[PDB]
There are 6 protein chains.
Amino acid sequence: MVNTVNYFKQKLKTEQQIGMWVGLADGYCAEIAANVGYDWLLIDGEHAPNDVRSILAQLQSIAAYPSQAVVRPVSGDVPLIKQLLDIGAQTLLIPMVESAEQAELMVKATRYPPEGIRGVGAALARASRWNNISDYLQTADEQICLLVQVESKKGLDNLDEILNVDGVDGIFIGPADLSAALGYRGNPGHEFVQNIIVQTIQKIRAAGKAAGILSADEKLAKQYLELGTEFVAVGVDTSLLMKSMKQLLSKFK
Amino acid sequence: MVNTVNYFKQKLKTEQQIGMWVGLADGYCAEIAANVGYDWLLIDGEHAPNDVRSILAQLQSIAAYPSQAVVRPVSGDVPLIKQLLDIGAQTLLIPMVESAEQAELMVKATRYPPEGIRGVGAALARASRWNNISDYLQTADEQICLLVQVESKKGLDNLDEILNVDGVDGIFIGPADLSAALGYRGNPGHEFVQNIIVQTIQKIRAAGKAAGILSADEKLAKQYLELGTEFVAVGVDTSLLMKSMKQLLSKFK
Amino acid sequence: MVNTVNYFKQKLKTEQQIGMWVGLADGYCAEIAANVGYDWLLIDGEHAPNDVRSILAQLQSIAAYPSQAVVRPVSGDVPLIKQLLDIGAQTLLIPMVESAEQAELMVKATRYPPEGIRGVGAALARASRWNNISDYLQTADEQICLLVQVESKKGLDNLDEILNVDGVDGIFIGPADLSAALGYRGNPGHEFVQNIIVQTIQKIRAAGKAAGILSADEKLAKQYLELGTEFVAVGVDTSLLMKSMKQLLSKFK
Amino acid sequence: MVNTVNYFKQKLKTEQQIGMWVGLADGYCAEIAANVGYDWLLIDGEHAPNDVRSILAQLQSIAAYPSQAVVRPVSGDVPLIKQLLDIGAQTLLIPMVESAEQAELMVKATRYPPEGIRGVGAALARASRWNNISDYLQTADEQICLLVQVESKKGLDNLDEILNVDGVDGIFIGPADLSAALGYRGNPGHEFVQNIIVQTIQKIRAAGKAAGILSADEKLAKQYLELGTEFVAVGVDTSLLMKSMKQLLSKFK
Amino acid sequence: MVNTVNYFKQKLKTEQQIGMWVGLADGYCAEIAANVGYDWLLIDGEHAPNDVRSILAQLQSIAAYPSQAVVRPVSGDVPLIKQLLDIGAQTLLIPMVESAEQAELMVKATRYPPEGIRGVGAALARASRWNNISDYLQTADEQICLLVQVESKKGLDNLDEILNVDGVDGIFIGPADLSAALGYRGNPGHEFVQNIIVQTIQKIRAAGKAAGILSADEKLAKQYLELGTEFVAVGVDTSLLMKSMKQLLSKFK
Amino acid sequence: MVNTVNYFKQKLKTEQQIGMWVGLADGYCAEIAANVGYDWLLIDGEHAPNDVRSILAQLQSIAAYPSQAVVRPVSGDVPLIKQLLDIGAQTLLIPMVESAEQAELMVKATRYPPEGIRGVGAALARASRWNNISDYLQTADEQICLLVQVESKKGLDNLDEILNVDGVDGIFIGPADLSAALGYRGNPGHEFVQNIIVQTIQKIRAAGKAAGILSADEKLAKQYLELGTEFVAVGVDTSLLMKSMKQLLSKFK
Ligand SMILES: [Ca+2]
Ligand SMILES: [Ca+2]
Ligand SMILES: [Mn+2]
Ligand SMILES: [Mn+2]
Ligand SMILES: [Mn+2]
Ligand SMILES: [Mn+2]
Ligand SMILES: [Mn+2]
Ligand SMILES: [Mn+2]
């Protein structure tokens, strides 16, 4: 077998990719999302009740569909990154990255020695299909994509430095965490926050990296798309389930 | 402790109850549905990948919320009915009921001996809260509600007979199974099917029984509500999740 | 490997065996019960939320301990008996057995063709340790023990006939189901019920079969032991957990 | 979306299909088997500790791979067939089929009314991808394949009759169950059994149905392939795991 | 919806709260404990085999009952605290807290930016009921209760400093860990340990914080209640299950 | 009850122990491996999708069999070590140990205070069988075995120092991680790597420590056995399953 091509990584330089957040945290719900036709599905290990085993089930569900899986670990934990890479997650979104030093540690966490610190366990990994992918150890990083989140003041204070780290493919802006860090908690739509988000997107793209963002606000998502943002998540499965069931009941109360 | 009051059973004679189908088959998804404020939630053991243990998890999720749980078993199987009652399901919807004899068997399956054939295991049952409900074995049937589905030609051929069975609290009409049985598979909206559904609803109510139905068609649901149908499900969680995610993506393609 | 010896079966002719009911329905709880030193543990597939997979987990937990596992299926269902035997349950307690014809069907359900109807799948079975027990198919029945419950009026009406069925090792009396069937629901301690239980025990032992019973009442359990009852369950894990936590709280209110 | 094409059904008339038995009963183990390149994978609900939910996980695992999934239910239970079809199993292998009447009931169990008795629940089914497959209810049976097992004397006594049932695509011969039924339990390699198996294969193919079989014996599997047997399983995952680990240890003991 | 009121937090200034340790690590066992009437239930993520998903199941079980849930994470890990808060744990017991600096980090781990470092993910959180609690982000901390354990020499060496940390609601004393740290392992009832525990309790209450402790020794528990200890756990589910099953067996040997 | 004897620990000074890697990550697969007769089974928490609860299931499976369980945690994390010891893992293999200071931290993580930092929670631990092992807290470390992996340049740079750490029972060499760290990724068979492995093995044994290694290469495994290596794993369950299924299919293509 040849390595599974990371089409999300390829498309970062060729098109704008529309994303759905998957926080329903099981293989059945991930498969329903996978039938819709999103460019990418974010399996949320940070803010949904997911562990390595529940993320594996969702990777296996989504694997039969064109939608590209991206996994967000709970933190930039190097052993957890090893685990998530070995179950076959090819794109990672690391939350709360705040310095070039931490971003460089995330790069190394995704690469085998001698260049990186990714633990070697190919015989056991769904990532190598248990060595059915014959040259996995020589070619794996070619299809690994590393994204980091800038979503704190220290993040923004280290933005130019993080954007000069080779092997960071994209910087994702977290409006919920960022708005809260800026004293506008629950109010990311404020001009003060949006002006910072827009400038941040322009700087990411000027340094030749992919810019990303999540907004459930259609108008803000279309505006981020008009600015050339490469990977835009436009909704969240839990939010769509709750809102659709509330809207339906309001037709009858 | 007193037995948990079956508010769904009480409201069959006092108000019209708005229902949501739950086929996402896990405790987390059931809890999201339970926060909306539906009168009832149908935990689907027939058409969603549920077993006794997954239904138990969803009962435990929903228990903290005012929405009343109704469980559909895969079939009118007497041992499975025993299992679902013991995990604390107070309202059961039996599919494909086709005779008074079968309807009477379902009544007996929900009542302790000597009058019924429900196996006795109160010490072990969430239904009795493991005997923390002190008189459970004397009072249990007071809060048990039995609904049967008429959704075949044989069911319609035995409708008057089923409607004379004491202990059947309600007859639910299944438009998908019924339209298929009538040679109008996937087309329940056809006048030939609707005329049968309307007459069936009038007969159920004329015999002093609660009538019920599921339609995701708002207009048909409101019409069934205008006819006095006591328990109307107006949507399905799997359908709402898929449709909401599809509608959102189409704003961006 | 040699077949796992069924010490419960052997001891039916040599000693009185003290049992604990296991309805906590998981591997961890089954293991706690296995450390106590009961002669047998009843894994309850009838009145606790168990399925074949949860029962397997509990067999695996208990396997490291001298306590002998007995599995009660939800009903005398021949395909479920097949499943429970193949996961390696060597002793089965069949509920609600009401005729010699049904008891003979249960015997056949436990034996390979050509003399029985047990489906053959030793390559796949924990029962054969995946053919690591080399002659499993020739010797399996030597370590299979079939118990049937008499716990209805029809049961009692067919008692002498069930007791002439070769391959029924033991008849277990269910006081909860029997007292209910006799119109003394939740009142098994009534003289009318107890007189029937005592005569039933004497008739079981006079026909050379093992007699069994469950009572959480110490005095009734000791009386059944004085009558020579071969397998006596003296308590239930769910009841002991609830009762000990209630008793502890009352010291503090 | 268009229905998932049942390539196993198509290939029954065009090539010989090599099968692996999957009894490791989880999604991870099913995915490892799915990487090998077998024409088909038998997910065993009869002789491995599987339920509807564990079979769904294995369907989701295997779905990303060319290997075609076949599900064996524990028995010809019509409600269980409904469940397995709705989770998206397109090929079923029914054990212990013993008459044209039972084979015809299995055909109907796989077809919607008015022609069959398959319960209609497309909105909820992975089979319809939750109605993402737009005309599922009109086209579903085109990609459903029904196989039945002849593996008893009554099976063989009704063979000509079962082979005249329209909608039975294939008859699978079970040498373990058949050898046991013929008084040669654990000894299917006996000439008396093999002569019956060969004649049975010739009769299946002469009536224009697909013949199938499992043998872990390479020589017998190649002989069944030389006779034109359309679907041949050549090994079992549990057997290969145990045998490979035993063979490895014997190099060191 | 309004935020779920934290009655445990409110009662720290108004009454003494009787607790039960929950280490049986599943939703069903948690529900049995929830029926008893304890003021609080400690879901033990440190010393029982729990993960975020098993803890969620137990929160969901307990949610239907007046008993207040308290969750002990395995360690004062900021990302795990984030996870446990988002699944809706309103009271946290942090083990092995040893400095004011660590206690202040725990406070910040429970509060949103800009004043704390709790990651923002309300759309996905059971804590916000998926934004069904409309102002969750503004009001969440009002119903969050932070308890820290002092159970090491370094803890005791930093006690006055931890007790001046604003946002620490309570200090829980761990006699098992403390007695071990003092060289009296498994002997917490020693006068040298008890004298330290009594002085620690008096100092906690003199600084206006709630004092807590676990003892399965009734006499020590009542003594701690006489000293005015605000939250006293009086037993452990695993210990009560094992002890009640042992005591029952000894009546029969 | 007496503590479970750690036969793996005893045999480190008396015989050479043959090991099988278990990365199929479930209780059923672990039981199949446990029936083979390996001296030890490595439950891989680092490179297979395991968590504390799945490792517990595999400990319970293996407990009934003579094969000794060794658990590899994902990293030398002190709270995770506490968790794995409490579920009853008596032998731990710590990956990527790179200094005497880290090796000494691992020793302390496995011992109760006051000499170590293992959290005390015996009442809740399968390790103590919930205090059914009466003196557990006094005797536990006697049956605890700590192994550390040297599999980096820093590890080799600190080898003599790690080998002088009292309480390190064995040093395991990881050829995959070591070959990668030496710039020979996927090529451990290279003379430059093998010469380092052989010298490392001689130093470990000269310092009176047990040496260990994994090789799926029979010739290399036998050579390590000829050098006196005390614990040699000779294969991996995932590799044996995939290879055996591939080899079987190639006989038929
Ligand atoms: Ca199940
Ligand atoms: Ca888990
Ligand atoms: Mn964020
Ligand atoms: Mn229907
Ligand atoms: Mn009974
Ligand atoms: Mn067969
Ligand atoms: Mn402690
Ligand atoms: Mn390694």
# chains A, B, ... in the order shown; residues from 1 in each chain; ligands from 1
>>> closest_atom_pairs(of="chain C", to="ligand 1", cutoff="9 Å", atoms="only C-alpha atoms and all ligand atoms", output="tab-separated table")
residue	atom	partner	partner_atom_place_in_ligand_line	distance
C:50	CA	ligand 1	1 (Ca)	8.1
C:51	CA	ligand 1	1 (Ca)	6.1
C:52	CA	ligand 1	1 (Ca)	7.6
C:53	CA	ligand 1	1 (Ca)	6.2
C:54	CA	ligand 1	1 (Ca)	7.2
>>> residues_near_ligand(ligand="ligand 6", cutoff="9 Å", atoms="only C-alpha atoms and all ligand atoms", output="list in words")
residues 119, 120 and 121 of chain C; 46, 47, 95, 96, 149, 150, 151, 152, 173, 174, 175, 176, 177 and 178 of chain D
>>> write_last_selection(atoms="N, CA and C atoms", output="compact mmCIF listing (two decimals), in the first residue's frame")
# COMPACT_ATOMS: atom_id res chain seq x y z
N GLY C 119 -25.06 -25.32 18.10
CA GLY C 119 -24.27 -24.93 16.92
C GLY C 119 -22.79 -25.09 17.19
N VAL C 120 -22.07 -25.52 16.16
CA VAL C 120 -20.65 -25.95 16.26
C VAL C 120 -19.81 -24.80 15.75
N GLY C 121 -18.96 -24.22 16.61
CA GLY C 121 -18.09 -23.10 16.21
C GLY C 121 -16.88 -22.98 17.10
N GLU D 46 -22.93 -15.11 14.91
CA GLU D 46 -23.42 -16.41 15.41
C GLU D 46 -22.41 -17.01 16.39
N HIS D 47 -21.11 -16.98 16.11
CA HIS D 47 -20.09 -17.76 16.87
C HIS D 47 -18.97 -16.88 17.44
N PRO D 95 -27.66 -18.80 9.19
CA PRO D 95 -27.32 -20.16 9.59
C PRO D 95 -28.53 -21.10 9.64
N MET D 96 -28.26 -22.38 9.46
CA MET D 96 -29.17 -23.49 9.84
C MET D 96 -30.52 -23.31 9.14
N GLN D 149 -27.37 -21.00 4.87
CA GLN D 149 -26.52 -22.15 5.22
C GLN D 149 -27.35 -23.44 5.20
N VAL D 150 -26.87 -24.43 4.44
CA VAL D 150 -27.31 -25.84 4.57
C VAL D 150 -26.23 -26.58 5.37
N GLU D 151 -26.59 -27.02 6.57
CA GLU D 151 -25.57 -27.55 7.53
C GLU D 151 -26.22 -28.51 8.53
N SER D 152 -27.34 -29.10 8.14
CA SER D 152 -28.08 -30.13 8.92
C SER D 152 -28.65 -31.16 7.93
N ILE D 173 -22.29 -24.04 2.60
CA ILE D 173 -22.20 -25.35 3.31
C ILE D 173 -21.32 -25.15 4.54
N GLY D 174 -21.82 -25.52 5.72
CA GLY D 174 -21.07 -25.42 6.99
C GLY D 174 -20.50 -26.79 7.36
N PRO D 175 -19.20 -27.07 7.12
CA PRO D 175 -18.69 -28.42 7.35
C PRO D 175 -18.71 -28.76 8.84
N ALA D 176 -18.53 -27.79 9.75
CA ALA D 176 -18.48 -28.13 11.19
C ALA D 176 -19.86 -28.61 11.61
N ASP D 177 -20.89 -27.80 11.35
CA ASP D 177 -22.27 -28.14 11.75
C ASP D 177 -22.69 -29.41 10.98
N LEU D 178 -22.33 -29.54 9.70
CA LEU D 178 -22.83 -30.67 8.86
C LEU D 178 -22.18 -31.97 9.34
>>> residues_around(residues="residue 139 of chain B", least_positions_apart="5", cutoff="12 Å", atoms="only C-alpha atoms", output="VMD selection string")
(chain B and resid 2 to 5 111 to 112 127 to 128 133 to 134 144) or (chain C and resid 185 to 186)
>>> interface_residues(of="chain B", to="chain D", cutoff="7 Å", atoms="only C-alpha atoms", output="MDAnalysis selection string")
chainID B and resid 23 47:49 74:75 176:177 180:183 186 238:239
>>> write_last_selection(atoms="N, CA and C atoms", output="PDB file, in the first residue's frame")
ATOM      1  N   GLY B  23     -32.788   8.511  17.596  1.00  0.00           N
ATOM      2  CA  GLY B  23     -32.052   7.364  17.045  1.00  0.00           C
ATOM      3  C   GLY B  23     -30.572   7.622  16.954  1.00  0.00           C
ATOM      4  N   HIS B  47     -35.086   0.805  15.051  1.00  0.00           N
ATOM      5  CA  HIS B  47     -34.524   1.370  13.793  1.00  0.00           C
ATOM      6  C   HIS B  47     -33.239   2.168  14.038  1.00  0.00           C
ATOM      7  N   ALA B  48     -32.755   2.210  15.268  1.00  0.00           N
ATOM      8  CA  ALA B  48     -31.439   2.795  15.595  1.00  0.00           C
ATOM      9  C   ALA B  48     -30.623   1.705  16.260  1.00  0.00           C
ATOM     10  N   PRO B  49     -29.273   1.727  16.166  1.00  0.00           N
ATOM     11  CA  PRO B  49     -28.430   0.657  16.712  1.00  0.00           C
ATOM     12  C   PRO B  49     -28.303   0.703  18.240  1.00  0.00           C
ATOM     13  N   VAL B  74     -37.348  -3.600  19.488  1.00  0.00           N
ATOM     14  CA  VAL B  74     -37.191  -4.063  18.080  1.00  0.00           C
ATOM     15  C   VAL B  74     -38.437  -4.851  17.641  1.00  0.00           C
ATOM     16  N   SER B  75     -39.146  -5.488  18.579  1.00  0.00           N
ATOM     17  CA  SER B  75     -40.346  -6.292  18.269  1.00  0.00           C
ATOM     18  C   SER B  75     -41.099  -6.539  19.570  1.00  0.00           C
ATOM     19  N   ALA B 176     -44.489   5.291   7.562  1.00  0.00           N
ATOM     20  CA  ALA B 176     -43.491   4.652   6.685  1.00  0.00           C
ATOM     21  C   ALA B 176     -43.879   3.193   6.467  1.00  0.00           C
ATOM     22  N   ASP B 177     -44.100   2.439   7.540  1.00  0.00           N
ATOM     23  CA  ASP B 177     -44.444   1.003   7.416  1.00  0.00           C
ATOM     24  C   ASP B 177     -45.822   0.890   6.740  1.00  0.00           C
ATOM     25  N   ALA B 180     -45.821   1.707   2.914  1.00  0.00           N
ATOM     26  CA  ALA B 180     -45.144   0.583   2.241  1.00  0.00           C
ATOM     27  C   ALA B 180     -46.113  -0.595   2.140  1.00  0.00           C
ATOM     28  N   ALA B 181     -46.822  -0.937   3.211  1.00  0.00           N
ATOM     29  CA  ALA B 181     -47.749  -2.094   3.213  1.00  0.00           C
ATOM     30  C   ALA B 181     -48.885  -1.855   2.208  1.00  0.00           C
ATOM     31  N   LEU B 182     -49.230  -0.597   1.943  1.00  0.00           N
ATOM     32  CA  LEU B 182     -50.359  -0.252   1.052  1.00  0.00           C
ATOM     33  C   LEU B 182     -49.888  -0.108  -0.409  1.00  0.00           C
ATOM     34  N   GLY B 183     -48.624  -0.398  -0.721  1.00  0.00           N
ATOM     35  CA  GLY B 183     -48.030  -0.259  -2.069  1.00  0.00           C
ATOM     36  C   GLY B 183     -47.633   1.169  -2.417  1.00  0.00           C
ATOM     37  N   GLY B 186     -42.494   4.922   0.501  1.00  0.00           N
ATOM     38  CA  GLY B 186     -41.758   6.187   0.433  1.00  0.00           C
ATOM     39  C   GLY B 186     -42.653   7.344   0.049  1.00  0.00           C
ATOM     40  N   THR B 238     -31.561  12.102  13.944  1.00  0.00           N
ATOM     41  CA  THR B 238     -30.623  11.812  12.832  1.00  0.00           C
ATOM     42  C   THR B 238     -30.931  12.704  11.624  1.00  0.00           C
ATOM     43  N   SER B 239     -32.211  12.876  11.275  1.00  0.00           N
ATOM     44  CA  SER B 239     -32.665  13.689  10.112  1.00  0.00           C
ATOM     45  C   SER B 239     -32.314  15.161  10.328  1.00  0.00           C
TER      46      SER B 239
END
>>> atom_distance(atom1="atom CA of residue 202 of chain B", atom2="atom CA of residue 170 of chain B")
12.8 Å
>>> atom_distance(atom1="atom CA of residue 25 of chain C", atom2="atom CA of residue 43 of chain C")
7.7 Å
>>> select_by_dssp(residues="segment 123-251 of chain E", states="strand (DSSP E)", output="number ranges by chain")
E: 145-150, 170-173, 210-214, 231-236
>>> write_last_selection(atoms="N, CA, C and O atoms", output="mmCIF file, in the first residue's frame")
data_model
loop_
_atom_site.group_PDB
_atom_site.id
_atom_site.type_symbol
_atom_site.label_atom_id
_atom_site.label_comp_id
_atom_site.auth_asym_id
_atom_site.auth_seq_id
_atom_site.Cartn_x
_atom_site.Cartn_y
_atom_site.Cartn_z
ATOM 1 N N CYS E 145 -16.967 25.349 42.365
ATOM 2 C CA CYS E 145 -16.410 25.188 43.720
ATOM 3 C C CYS E 145 -15.061 24.479 43.616
ATOM 4 O O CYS E 145 -15.043 23.328 43.107
ATOM 5 N N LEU E 146 -13.975 25.113 44.063
ATOM 6 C CA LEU E 146 -12.620 24.520 44.035
ATOM 7 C C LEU E 146 -12.202 24.086 45.439
ATOM 8 O O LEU E 146 -12.154 24.914 46.387
ATOM 9 N N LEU E 147 -11.954 22.793 45.574
ATOM 10 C CA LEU E 147 -11.403 22.211 46.813
ATOM 11 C C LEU E 147 -9.995 21.718 46.494
ATOM 12 O O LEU E 147 -9.782 21.157 45.378
ATOM 13 N N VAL E 148 -9.082 21.859 47.453
ATOM 14 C CA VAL E 148 -7.711 21.306 47.302
ATOM 15 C C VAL E 148 -7.428 20.340 48.453
ATOM 16 O O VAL E 148 -7.934 20.549 49.579
ATOM 17 N N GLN E 149 -6.627 19.307 48.190
ATOM 18 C CA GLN E 149 -6.217 18.363 49.242
ATOM 19 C C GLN E 149 -4.861 18.791 49.805
ATOM 20 O O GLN E 149 -3.905 19.042 49.031
ATOM 21 N N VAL E 150 -4.786 18.837 51.126
ATOM 22 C CA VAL E 150 -3.496 18.864 51.862
ATOM 23 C C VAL E 150 -3.278 17.456 52.429
ATOM 24 O O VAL E 150 -4.130 16.986 53.217
ATOM 25 N N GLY E 170 -12.323 25.234 49.854
ATOM 26 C CA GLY E 170 -12.182 24.182 50.875
ATOM 27 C C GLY E 170 -10.879 23.437 50.733
ATOM 28 O O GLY E 170 -10.336 23.356 49.596
ATOM 29 N N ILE E 171 -10.384 22.974 51.870
ATOM 30 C CA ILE E 171 -9.165 22.154 51.984
ATOM 31 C C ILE E 171 -9.609 20.816 52.551
ATOM 32 O O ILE E 171 -10.217 20.790 53.620
ATOM 33 N N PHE E 172 -9.358 19.769 51.783
ATOM 34 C CA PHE E 172 -9.693 18.395 52.151
ATOM 35 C C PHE E 172 -8.409 17.740 52.632
ATOM 36 O O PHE E 172 -7.381 17.818 51.937
ATOM 37 N N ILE E 173 -8.487 17.098 53.779
ATOM 38 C CA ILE E 173 -7.350 16.336 54.365
ATOM 39 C C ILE E 173 -7.489 14.882 53.935
ATOM 40 O O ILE E 173 -8.544 14.327 54.169
ATOM 41 N N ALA E 210 -13.838 26.039 54.112
ATOM 42 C CA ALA E 210 -14.464 24.747 54.476
ATOM 43 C C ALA E 210 -13.371 23.678 54.669
ATOM 44 O O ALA E 210 -12.415 23.630 53.850
ATOM 45 N N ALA E 211 -13.486 22.859 55.712
ATOM 46 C CA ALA E 211 -12.576 21.733 56.016
ATOM 47 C C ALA E 211 -13.298 20.473 55.563
ATOM 48 O O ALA E 211 -14.523 20.437 55.747
ATOM 49 N N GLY E 212 -12.577 19.532 54.973
ATOM 50 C CA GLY E 212 -13.122 18.234 54.551
ATOM 51 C C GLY E 212 -12.215 17.086 54.914
ATOM 52 O O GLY E 212 -11.013 17.293 55.134
ATOM 53 N N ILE E 213 -12.764 15.887 54.894
ATOM 54 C CA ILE E 213 -12.009 14.661 55.218
ATOM 55 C C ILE E 213 -12.851 13.453 54.818
ATOM 56 O O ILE E 213 -14.067 13.569 54.697
ATOM 57 N N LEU E 214 -12.178 12.335 54.581
ATOM 58 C CA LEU E 214 -12.795 11.007 54.396
ATOM 59 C C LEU E 214 -12.320 10.135 55.551
ATOM 60 O O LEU E 214 -11.103 10.047 55.752
ATOM 61 N N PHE E 231 -17.365 19.185 55.168
ATOM 62 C CA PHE E 231 -17.663 18.093 54.196
ATOM 63 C C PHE E 231 -16.878 16.845 54.585
ATOM 64 O O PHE E 231 -15.658 16.752 54.390
ATOM 65 N N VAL E 232 -17.623 15.874 55.081
ATOM 66 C CA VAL E 232 -17.103 14.595 55.616
ATOM 67 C C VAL E 232 -17.655 13.443 54.786
ATOM 68 O O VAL E 232 -18.890 13.197 54.827
ATOM 69 N N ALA E 233 -16.766 12.740 54.102
ATOM 70 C CA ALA E 233 -17.091 11.459 53.445
ATOM 71 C C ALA E 233 -16.953 10.369 54.513
ATOM 72 O O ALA E 233 -15.998 10.427 55.303
ATOM 73 N N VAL E 234 -17.914 9.463 54.596
ATOM 74 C CA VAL E 234 -18.017 8.485 55.722
ATOM 75 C C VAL E 234 -17.833 7.066 55.195
ATOM 76 O O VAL E 234 -17.854 6.097 55.988
ATOM 77 N N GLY E 235 -17.630 6.905 53.892
ATOM 78 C CA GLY E 235 -17.438 5.550 53.347
ATOM 79 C C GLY E 235 -17.093 5.544 51.872
ATOM 80 O O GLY E 235 -17.047 6.589 51.271
ATOM 81 N N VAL E 236 -16.849 4.357 51.346
ATOM 82 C CA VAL E 236 -16.401 4.125 49.953
ATOM 83 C C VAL E 236 -17.249 2.994 49.379
ATOM 84 O O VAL E 236 -17.330 1.950 50.002
#
>>> select_by_dssp(residues="segment 31-113 of chain F", states="alpha helix (DSSP H)", output="PyMOL selection string")
chain F and resi 31-34+52-62+78-86+100-109
